[PDB]
$ cat upload_38.txt   # compact mmCIF, C-alpha atoms and all ligand atoms
# COMPACT_ATOMS: atom_id res chain seq x y z
CA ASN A 14 121.92 119.49 126.04
CA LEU A 15 119.41 118.39 123.39
CA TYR A 16 118.75 121.78 121.75
CA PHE A 17 120.30 125.04 120.54
CA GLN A 18 119.41 128.44 119.06
CA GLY A 19 119.62 127.94 115.29
CA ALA A 20 120.89 130.55 112.81
CA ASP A 21 117.22 131.38 111.97
CA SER A 22 116.48 132.17 115.70
CA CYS A 23 114.51 128.92 116.04
CA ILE A 24 115.06 126.16 118.67
CA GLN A 25 116.74 123.18 116.94
CA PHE A 26 117.11 119.67 118.35
CA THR A 27 120.58 118.21 117.80
CA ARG A 28 119.71 114.49 117.77
CA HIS A 29 116.25 114.66 116.15
CA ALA A 30 117.24 113.68 112.56
CA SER A 31 119.45 110.78 113.72
CA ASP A 32 116.67 109.60 116.14
CA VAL A 33 114.06 109.66 113.33
CA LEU A 34 116.45 107.59 111.11
CA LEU A 35 117.09 105.14 114.01
CA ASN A 36 113.28 104.64 114.38
CA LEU A 37 112.81 104.23 110.60
CA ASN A 38 115.50 101.48 110.67
CA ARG A 39 113.70 99.86 113.69
CA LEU A 40 110.47 99.85 111.61
CA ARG A 41 112.42 98.25 108.72
CA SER A 42 113.84 95.49 111.00
CA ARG A 43 110.34 94.71 112.27
CA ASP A 44 108.85 94.92 108.77
CA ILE A 45 106.38 97.63 109.82
CA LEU A 46 104.81 99.81 107.12
CA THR A 47 107.33 98.58 104.54
CA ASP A 48 105.64 99.09 101.14
CA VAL A 49 108.07 97.68 98.56
CA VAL A 50 110.37 94.70 97.99
CA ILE A 51 113.58 95.37 95.99
CA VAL A 52 114.64 92.26 94.10
CA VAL A 53 118.30 91.90 93.24
CA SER A 54 118.93 88.61 91.50
CA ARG A 55 117.66 85.98 93.92
CA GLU A 56 117.68 88.25 96.99
CA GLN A 57 114.77 90.31 98.31
CA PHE A 58 115.00 93.43 100.43
CA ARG A 59 111.93 95.00 102.10
CA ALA A 60 112.01 98.80 102.53
CA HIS A 61 109.97 102.07 102.76
CA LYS A 62 109.69 103.85 99.37
CA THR A 63 110.08 107.30 101.02
CA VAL A 64 113.44 106.34 102.54
CA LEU A 65 114.67 104.92 99.17
CA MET A 66 113.60 108.09 97.29
CA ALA A 67 115.21 110.30 99.97
CA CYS A 68 118.53 108.44 99.46
CA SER A 69 118.73 107.58 95.73
CA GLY A 70 118.30 109.47 92.45
CA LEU A 71 117.18 106.23 90.79
CA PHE A 72 114.51 105.43 93.41
CA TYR A 73 113.40 109.08 93.41
CA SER A 74 112.82 108.82 89.60
CA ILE A 75 111.04 105.42 89.86
CA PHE A 76 108.68 106.32 92.73
CA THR A 77 107.73 109.75 91.23
CA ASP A 78 106.69 108.02 87.94
CA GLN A 79 102.88 107.92 87.78
CA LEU A 80 102.90 104.28 86.67
CA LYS A 81 105.78 102.88 88.81
CA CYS A 82 104.92 104.63 92.11
CA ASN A 83 102.22 101.98 92.68
CA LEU A 84 104.46 98.92 92.15
CA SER A 85 104.96 96.72 95.23
CA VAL A 86 107.96 94.87 93.64
CA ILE A 87 110.92 96.60 91.96
CA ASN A 88 113.46 94.50 90.05
CA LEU A 89 117.01 95.87 89.79
CA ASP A 90 119.45 95.17 86.91
CA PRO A 91 120.62 91.52 87.28
CA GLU A 92 124.26 92.71 87.09
CA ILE A 93 123.79 94.43 90.52
CA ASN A 94 125.60 92.66 93.33
CA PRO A 95 123.17 91.84 96.21
CA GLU A 96 125.82 92.42 98.93
CA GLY A 97 126.62 95.86 97.44
CA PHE A 98 122.90 96.69 97.47
CA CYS A 99 122.54 95.42 101.08
CA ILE A 100 125.46 97.62 102.26
CA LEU A 101 123.89 100.70 100.60
CA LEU A 102 120.38 99.91 101.93
CA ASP A 103 121.95 99.67 105.42
CA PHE A 104 123.74 103.01 104.83
CA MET A 105 120.42 104.67 103.81
CA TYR A 106 118.88 103.69 107.14
CA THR A 107 121.93 104.23 109.38
CA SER A 108 124.43 106.82 107.91
CA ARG A 109 127.14 104.13 108.18
CA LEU A 110 128.75 102.65 105.10
CA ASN A 111 130.50 99.32 105.68
CA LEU A 112 133.19 99.81 102.99
CA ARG A 113 135.86 97.04 102.75
CA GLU A 114 138.60 96.12 100.21
CA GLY A 115 136.54 93.06 99.23
CA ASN A 116 133.29 94.98 98.59
CA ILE A 117 134.33 98.53 97.53
CA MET A 118 134.08 97.84 93.75
CA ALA A 119 130.53 96.36 93.98
CA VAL A 120 129.44 99.11 96.40
CA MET A 121 130.76 101.79 93.99
CA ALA A 122 129.05 100.23 90.93
CA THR A 123 125.80 99.87 92.89
CA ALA A 124 125.94 103.51 94.12
CA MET A 125 126.53 104.67 90.51
CA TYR A 126 123.42 102.74 89.34
CA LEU A 127 121.40 104.00 92.34
CA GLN A 128 122.61 107.57 91.79
CA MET A 129 124.14 108.16 95.19
CA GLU A 130 126.98 110.52 94.19
CA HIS A 131 128.71 111.28 97.50
CA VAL A 132 129.00 107.51 98.09
CA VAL A 133 130.57 107.14 94.59
CA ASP A 134 133.01 110.03 95.32
CA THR A 135 133.96 108.46 98.67
CA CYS A 136 134.55 105.06 97.01
CA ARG A 137 136.81 106.70 94.39
CA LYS A 138 138.84 108.49 97.10
CA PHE A 139 139.40 105.22 98.99
CA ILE A 140 140.35 103.39 95.74
CA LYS A 141 142.83 106.18 94.79
CA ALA A 142 144.51 105.81 98.22
CA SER A 143 145.18 102.08 97.56
CA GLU A 144 146.82 102.66 94.14
CA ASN B 14 134.48 116.77 105.05
CA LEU B 15 131.33 114.65 104.73
CA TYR B 16 132.49 111.55 106.64
CA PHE B 17 134.41 110.25 109.67
CA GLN B 18 135.63 107.04 111.32
CA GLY B 19 132.85 106.09 113.74
CA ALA B 20 133.39 104.51 117.17
CA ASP B 21 132.51 101.09 115.62
CA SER B 22 135.34 101.48 112.99
CA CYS B 23 132.75 102.15 110.26
CA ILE B 24 132.65 105.16 107.87
CA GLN B 25 129.82 107.49 109.00
CA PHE B 26 128.34 110.37 107.01
CA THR B 27 127.82 113.50 109.10
CA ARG B 28 124.94 115.09 107.16
CA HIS B 29 123.13 111.92 106.01
CA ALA B 30 120.32 111.87 108.65
CA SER B 31 119.57 115.61 108.26
CA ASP B 32 119.63 115.24 104.41
CA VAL B 33 117.17 112.29 104.55
CA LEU B 34 114.84 114.40 106.81
CA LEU B 35 115.16 117.40 104.42
CA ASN B 36 114.10 115.13 101.48
CA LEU B 37 111.20 113.63 103.50
CA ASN B 38 109.96 117.21 104.19
CA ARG B 39 110.35 118.01 100.43
CA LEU B 40 108.16 114.95 99.66
CA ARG B 41 105.62 116.21 102.24
CA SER B 42 105.51 119.72 100.65
CA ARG B 43 104.90 118.17 97.23
CA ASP B 44 102.38 115.68 98.62
CA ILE B 45 104.38 112.70 97.32
CA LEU B 46 103.76 109.28 98.87
CA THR B 47 101.82 110.83 101.76
CA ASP B 48 99.53 108.06 103.07
CA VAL B 49 97.45 109.67 105.83
CA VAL B 50 95.53 112.87 106.60
CA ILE B 51 95.50 114.00 110.27
CA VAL B 52 92.32 115.91 111.04
CA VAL B 53 92.42 118.40 113.88
CA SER B 54 89.09 120.16 114.20
CA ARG B 55 88.49 121.72 110.80
CA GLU B 56 92.12 121.53 109.65
CA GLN B 57 93.72 118.73 107.65
CA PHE B 58 97.40 117.83 107.57
CA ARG B 59 98.84 115.33 105.05
CA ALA B 60 101.84 113.29 106.24
CA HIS B 61 103.80 109.97 105.97
CA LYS B 62 102.77 107.44 108.66
CA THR B 63 106.41 106.28 109.13
CA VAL B 64 107.57 109.81 109.98
CA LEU B 65 104.65 110.28 112.46
CA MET B 66 105.40 106.92 114.18
CA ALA B 67 109.14 107.75 114.31
CA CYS B 68 108.31 111.03 116.13
CA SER B 69 105.31 110.29 118.38
CA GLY B 70 104.39 107.63 120.95
CA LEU B 71 100.71 108.15 120.09
CA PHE B 72 101.19 107.70 116.32
CA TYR B 73 103.51 104.74 116.96
CA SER B 74 100.67 103.06 118.98
CA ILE B 75 97.98 103.92 116.37
CA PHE B 76 99.91 102.78 113.28
CA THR B 77 101.13 99.49 114.91
CA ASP B 78 97.48 98.56 115.74
CA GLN B 79 96.34 95.85 113.30
CA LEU B 80 93.02 97.63 112.69
CA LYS B 81 94.16 101.30 112.65
CA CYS B 82 97.35 100.88 110.58
CA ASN B 83 95.17 100.75 107.44
CA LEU B 84 93.21 103.97 108.12
CA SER B 85 93.79 106.79 105.61
CA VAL B 86 92.19 109.43 107.93
CA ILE B 87 93.06 109.88 111.63
CA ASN B 88 90.95 112.22 113.77
CA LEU B 89 92.65 113.82 116.77
CA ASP B 90 90.86 114.91 120.00
CA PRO B 91 88.81 118.05 119.16
CA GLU B 92 90.45 119.86 122.12
CA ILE B 93 93.80 119.79 120.21
CA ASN B 94 94.85 123.17 118.90
CA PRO B 95 95.54 123.01 115.11
CA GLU B 96 98.42 125.56 115.28
CA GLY B 97 100.08 123.52 118.07
CA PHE B 98 99.75 120.39 115.92
CA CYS B 99 101.13 122.24 112.84
CA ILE B 100 104.20 123.45 114.80
CA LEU B 101 104.91 119.88 116.01
CA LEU B 102 104.34 118.35 112.54
CA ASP B 103 106.86 120.90 111.19
CA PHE B 104 109.29 119.97 114.00
CA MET B 105 108.96 116.24 113.11
CA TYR B 106 110.07 116.97 109.55
CA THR B 107 112.69 119.66 110.28
CA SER B 108 114.19 119.34 113.86
CA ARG B 109 113.14 122.97 114.46
CA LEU B 110 110.48 123.85 116.98
CA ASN B 111 108.93 127.29 116.51
CA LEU B 112 108.19 127.91 120.22
CA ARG B 113 106.73 131.37 121.10
CA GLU B 114 105.10 132.92 124.23
CA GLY B 115 101.76 132.91 122.37
CA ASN B 116 101.89 129.22 121.37
CA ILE B 117 103.98 127.45 124.07
CA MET B 118 100.93 126.27 126.12
CA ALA B 119 99.15 124.71 123.10
CA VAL B 120 102.41 123.20 121.81
CA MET B 121 103.07 121.65 125.26
CA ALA B 122 99.52 120.22 125.56
CA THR B 123 99.73 118.85 122.01
CA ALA B 124 103.16 117.24 122.65
CA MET B 125 101.77 115.62 125.84
CA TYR B 126 98.84 114.13 123.84
CA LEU B 127 101.20 113.06 121.02
CA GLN B 128 103.68 111.59 123.51
CA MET B 129 106.73 113.59 122.51
CA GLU B 130 108.46 113.83 125.90
CA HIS B 131 111.60 115.84 125.16
CA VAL B 132 109.39 118.52 123.55
CA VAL B 133 107.22 118.54 126.74
CA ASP B 134 110.37 118.83 128.94
CA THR B 135 111.69 121.69 126.78
CA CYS B 136 108.33 123.52 127.00
CA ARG B 137 108.34 123.17 130.81
CA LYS B 138 111.90 124.55 131.03
CA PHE B 139 110.97 127.61 128.94
CA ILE B 140 107.77 128.16 131.01
CA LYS B 141 109.75 127.91 134.30
CA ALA B 142 112.16 130.60 133.02
CA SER B 143 109.24 133.05 132.50
CA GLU B 144 107.82 132.59 136.03
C1 LIG A 201 120.66 111.50 101.27
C2 LIG A 201 121.42 111.22 99.98
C3 LIG A 201 122.24 109.94 100.07
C4 LIG A 201 122.84 109.59 98.73
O1 LIG A 201 123.17 110.76 97.94
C5 LIG A 201 122.17 111.24 97.14
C6 LIG A 201 120.88 111.39 97.57
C7 LIG A 201 119.86 111.75 96.61
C8 LIG A 201 118.52 111.91 96.98
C9 LIG A 201 117.57 112.25 96.03
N1 LIG A 201 116.26 112.49 96.42
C10 LIG A 201 115.64 113.72 96.35
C11 LIG A 201 116.27 114.81 95.77
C12 LIG A 201 115.59 116.00 95.72
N2 LIG A 201 114.35 116.18 96.19
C13 LIG A 201 113.76 115.13 96.75
CL1 LIG A 201 112.15 115.37 97.31
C14 LIG A 201 114.35 113.88 96.88
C15 LIG A 201 113.69 112.80 97.56
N3 LIG A 201 113.14 111.97 98.11
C16 LIG A 201 117.95 112.41 94.70
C17 LIG A 201 119.27 112.25 94.32
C18 LIG A 201 120.23 111.92 95.27
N4 LIG A 201 121.58 111.82 94.90
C19 LIG A 201 121.96 112.08 93.51
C20 LIG A 201 122.59 111.49 95.78
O2 LIG A 201 123.75 111.47 95.41
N5 LIG A 201 120.47 111.20 98.87
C1 LIG A 202 112.21 111.39 117.48
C2 LIG A 202 111.36 111.62 118.72
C3 LIG A 202 110.72 113.00 118.72
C4 LIG A 202 109.74 113.14 119.87
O1 LIG A 202 110.13 112.38 121.03
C5 LIG A 202 109.69 111.08 121.08
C6 LIG A 202 109.76 110.23 120.01
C7 LIG A 202 109.13 108.93 120.10
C8 LIG A 202 109.15 108.03 119.05
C9 LIG A 202 108.53 106.79 119.17
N1 LIG A 202 108.62 105.86 118.14
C10 LIG A 202 109.30 104.67 118.23
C11 LIG A 202 109.85 104.25 119.44
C12 LIG A 202 110.49 103.03 119.46
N2 LIG A 202 110.62 102.22 118.41
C13 LIG A 202 110.09 102.64 117.27
CL1 LIG A 202 110.23 101.56 115.93
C14 LIG A 202 109.43 103.85 117.10
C15 LIG A 202 108.95 104.28 115.82
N3 LIG A 202 108.58 104.59 114.79
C16 LIG A 202 107.86 106.47 120.34
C17 LIG A 202 107.83 107.36 121.39
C18 LIG A 202 108.47 108.59 121.29
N4 LIG A 202 108.49 109.47 122.38
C19 LIG A 202 107.86 109.07 123.64
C20 LIG A 202 109.08 110.72 122.34
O2 LIG A 202 109.12 111.42 123.34
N5 LIG A 202 110.38 110.54 118.82
$ encode --input "upload_38.txt" --output "structure tokens" --more "lines below"
Ligand SMILES: C[C@H]1CCOc2c(c3cc(Nc4ccnc(Cl)c4C#N)ccc3n(C)c2=O)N1
Ligand SMILES: C[C@H]1CCOc2c(c3cc(Nc4ccnc(Cl)c4C#N)ccc3n(C)c2=O)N1
Amino acid sequence: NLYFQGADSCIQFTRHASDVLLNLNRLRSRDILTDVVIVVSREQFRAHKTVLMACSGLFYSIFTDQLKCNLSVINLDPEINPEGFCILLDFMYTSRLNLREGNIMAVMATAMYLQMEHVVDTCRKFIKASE
Amino acid sequence: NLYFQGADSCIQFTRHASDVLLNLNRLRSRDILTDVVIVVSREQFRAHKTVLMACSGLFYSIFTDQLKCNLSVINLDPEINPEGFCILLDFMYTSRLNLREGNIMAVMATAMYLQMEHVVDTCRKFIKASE
């Protein structure tokens, strides 16, 4: 079944949020309605500002600023690892975090900078299990 | 717990898609980064084009059209009921469909026009149960 009676006595669709996210990622792959390019060192990543703000405390602060909300290019701190950013941008659009021994430190540092706390907490838990 | 091992051996976050949708609806309530106004008769509804395209075959067609993708105002067919549109716009941003005996016919006609098939199918199932 695709729906259920929610706690508030309203009909709720089980797969709706994941289907919207799937379609937003499809728009990203096809470069449709993307309104910003995130520059990390020499790498560029096209995205939708609303998705970035919905997933990151840093992007939420930047795109609510009256002056920065209109910028089409956003440059991140040059210390940010582009692969770590790519993994997190993929996570924002998919709910899947490709965490590996070789990338976990850069993904954790990038999530700290981007203010994605649950991702930071998860990284710490996986690091603690290795020690 | 907030995560699990997905079928593809990747870490997946259970609440991520619903949390992104919750934040997109918060942006809509605060009128932040909304880039279109949908006009239905005398009523106006501000929204994010990406969310509309992700939820409707009609909006997906309109906003992928090279000429219409740039429009800041979109006028719907004057026969469309504004309450039916409002209920569906709320559903797009929340996963909850406020279906009632008094609105089900207008919600079904609006979902047919907007090309939201599962909503149409659900409306038909609820109508069939009343007859
Ligand atoms: C889905 C989740 C994934 C990553 O974890 C986090 C967020 C996360 C998101 C926001 N963004 C809003 C927070 C509150 N209200 C609004 Cl309208 C918006 C937006 N847009 C701010 C701060 C956030 N923080 C600290 C996170 O740790 N997003
Ligand atoms: C979440 C769900 C809610 C309502 O049910 C429907 C959609 C629905 C969505 C689209 N939109 C895309 C369909 C395929 N690919 C992309 Cl990139 C995009 C976008 N954006 C097209 C057609 C759609 N149809 C016929 C529906 O019945 N959305």
$ interface_residues --input "upload_38.txt" --of "chain A" --to "chain B" --cutoff "6 Å" --atoms "only C-alpha atoms" --output "MDAnalysis selection string"
chainID A and resid 23:26 29:31 33 36 67 108:111
$ residues_around --input "upload_38.txt" --residues "stretch 91-97 of chain A" --least-positions-apart "5" --cutoff "9 Å" --atoms "all atoms listed in the file" --output "PyMOL selection string"
chain A and resi 52-57+102+116-124+126
$ atom_distance --input "upload_38.txt" --atom1 "atom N1 of ligand LIG 201 (chain A)" --atom2 "atom CA of residue A:72"
7.9 Å
$ atom_distance --input "upload_38.txt" --atom1 "atom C1 of ligand LIG 201 (chain A)" --atom2 "atom CA of residue B:99"
25.1 Å
$ closest_residue --input "upload_38.txt" --among "A:14, A:141, A:130, A:43" --to "ligand LIG 202 (chain A)" --atoms "all atoms listed in the file"
A:43
$ closest_residue --input "upload_38.txt" --among "A:74, A:128, A:79, A:42" --to "ligand LIG 201 (chain A)" --atoms "only C-alpha atoms and all ligand atoms"
A:128
$ closest_residue --input "upload_38.txt" --among "B:133, B:140, B:86, B:60" --to "ligand LIG 202 (chain A)" --atoms "all atoms listed in the file"
B:133
$ atom_distance --input "upload_38.txt" --atom1 "atom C6 of ligand LIG 201 (chain A)" --atom2 "atom CA of residue A:49"
18.8 Å
$ axis_aligned_box --input "upload_38.txt" --around "stretch 83-94 of chain B" --padding-each-side "5 Å" --output "lines of an AutoDock Vina configuration file"
center_x = 92.0
center_y = 112.0
center_z = 113.9
size_x = 16.4
size_y = 32.4
size_z = 26.5
$ build_atoms --input "upload_38.txt" --residues "stretch 38-55 of chain B" --atoms "N, CA and C atoms" --output "PDB file, in the frame of the given file"
ATOM      1  N   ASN B  38     110.789 115.989 104.111  1.00  0.00           N
ATOM      2  CA  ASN B  38     109.960 117.210 104.190  1.00  0.00           C
ATOM      3  C   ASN B  38     109.631 117.736 102.777  1.00  0.00           C
ATOM      4  N   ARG B  39     110.564 117.592 101.818  1.00  0.00           N
ATOM      5  CA  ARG B  39     110.350 118.010 100.430  1.00  0.00           C
ATOM      6  C   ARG B  39     109.227 117.155  99.827  1.00  0.00           C
ATOM      7  N   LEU B  40     109.233 115.834 100.106  1.00  0.00           N
ATOM      8  CA  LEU B  40     108.160 114.950  99.660  1.00  0.00           C
ATOM      9  C   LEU B  40     106.835 115.383 100.282  1.00  0.00           C
ATOM     10  N   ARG B  41     106.836 115.728 101.587  1.00  0.00           N
ATOM     11  CA  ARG B  41     105.620 116.210 102.240  1.00  0.00           C
ATOM     12  C   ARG B  41     105.068 117.495 101.574  1.00  0.00           C
ATOM     13  N   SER B  42     105.938 118.468 101.284  1.00  0.00           N
ATOM     14  CA  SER B  42     105.510 119.720 100.650  1.00  0.00           C
ATOM     15  C   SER B  42     104.870 119.467  99.288  1.00  0.00           C
ATOM     16  N   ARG B  43     105.404 118.499  98.553  1.00  0.00           N
ATOM     17  CA  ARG B  43     104.900 118.170  97.230  1.00  0.00           C
ATOM     18  C   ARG B  43     103.806 117.113  97.224  1.00  0.00           C
ATOM     19  N   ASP B  44     103.411 116.688  98.413  1.00  0.00           N
ATOM     20  CA  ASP B  44     102.380 115.680  98.620  1.00  0.00           C
ATOM     21  C   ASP B  44     102.676 114.343  97.922  1.00  0.00           C
ATOM     22  N   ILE B  45     103.936 113.929  97.964  1.00  0.00           N
ATOM     23  CA  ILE B  45     104.380 112.700  97.320  1.00  0.00           C
ATOM     24  C   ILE B  45     104.532 111.559  98.297  1.00  0.00           C
ATOM     25  N   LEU B  46     103.768 110.498  98.062  1.00  0.00           N
ATOM     26  CA  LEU B  46     103.760 109.280  98.870  1.00  0.00           C
ATOM     27  C   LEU B  46     103.193 109.480 100.280  1.00  0.00           C
ATOM     28  N   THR B  47     102.485 110.583 100.480  1.00  0.00           N
ATOM     29  CA  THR B  47     101.820 110.830 101.760  1.00  0.00           C
ATOM     30  C   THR B  47     100.659 109.811 101.814  1.00  0.00           C
ATOM     31  N   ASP B  48     100.494 109.152 102.947  1.00  0.00           N
ATOM     32  CA  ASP B  48      99.530 108.060 103.070  1.00  0.00           C
ATOM     33  C   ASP B  48      98.529 108.226 104.192  1.00  0.00           C
ATOM     34  N   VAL B  49      98.424 109.429 104.771  1.00  0.00           N
ATOM     35  CA  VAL B  49      97.450 109.670 105.830  1.00  0.00           C
ATOM     36  C   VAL B  49      97.144 111.162 105.908  1.00  0.00           C
ATOM     37  N   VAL B  50      95.924 111.495 106.327  1.00  0.00           N
ATOM     38  CA  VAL B  50      95.530 112.870 106.600  1.00  0.00           C
ATOM     39  C   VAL B  50      95.140 112.929 108.088  1.00  0.00           C
ATOM     40  N   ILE B  51      95.765 113.840 108.852  1.00  0.00           N
ATOM     41  CA  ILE B  51      95.500 114.000 110.270  1.00  0.00           C
ATOM     42  C   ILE B  51      94.496 115.139 110.344  1.00  0.00           C
ATOM     43  N   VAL B  52      93.343 114.890 110.941  1.00  0.00           N
ATOM     44  CA  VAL B  52      92.320 115.910 111.040  1.00  0.00           C
ATOM     45  C   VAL B  52      92.272 116.448 112.462  1.00  0.00           C
ATOM     46  N   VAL B  53      92.468 117.751 112.594  1.00  0.00           N
ATOM     47  CA  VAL B  53      92.420 118.400 113.880  1.00  0.00           C
ATOM     48  C   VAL B  53      91.371 119.477 113.706  1.00  0.00           C
ATOM     49  N   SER B  54      90.220 119.263 114.333  1.00  0.00           N
ATOM     50  CA  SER B  54      89.090 120.160 114.200  1.00  0.00           C
ATOM     51  C   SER B  54      88.770 120.307 112.714  1.00  0.00           C
ATOM     52  N   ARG B  55      88.782 121.522 112.209  1.00  0.00           N
ATOM     53  CA  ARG B  55      88.490 121.720 110.800  1.00  0.00           C
ATOM     54  C   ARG B  55      89.714 121.719 109.876  1.00  0.00           C
TER      55      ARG B  55
END
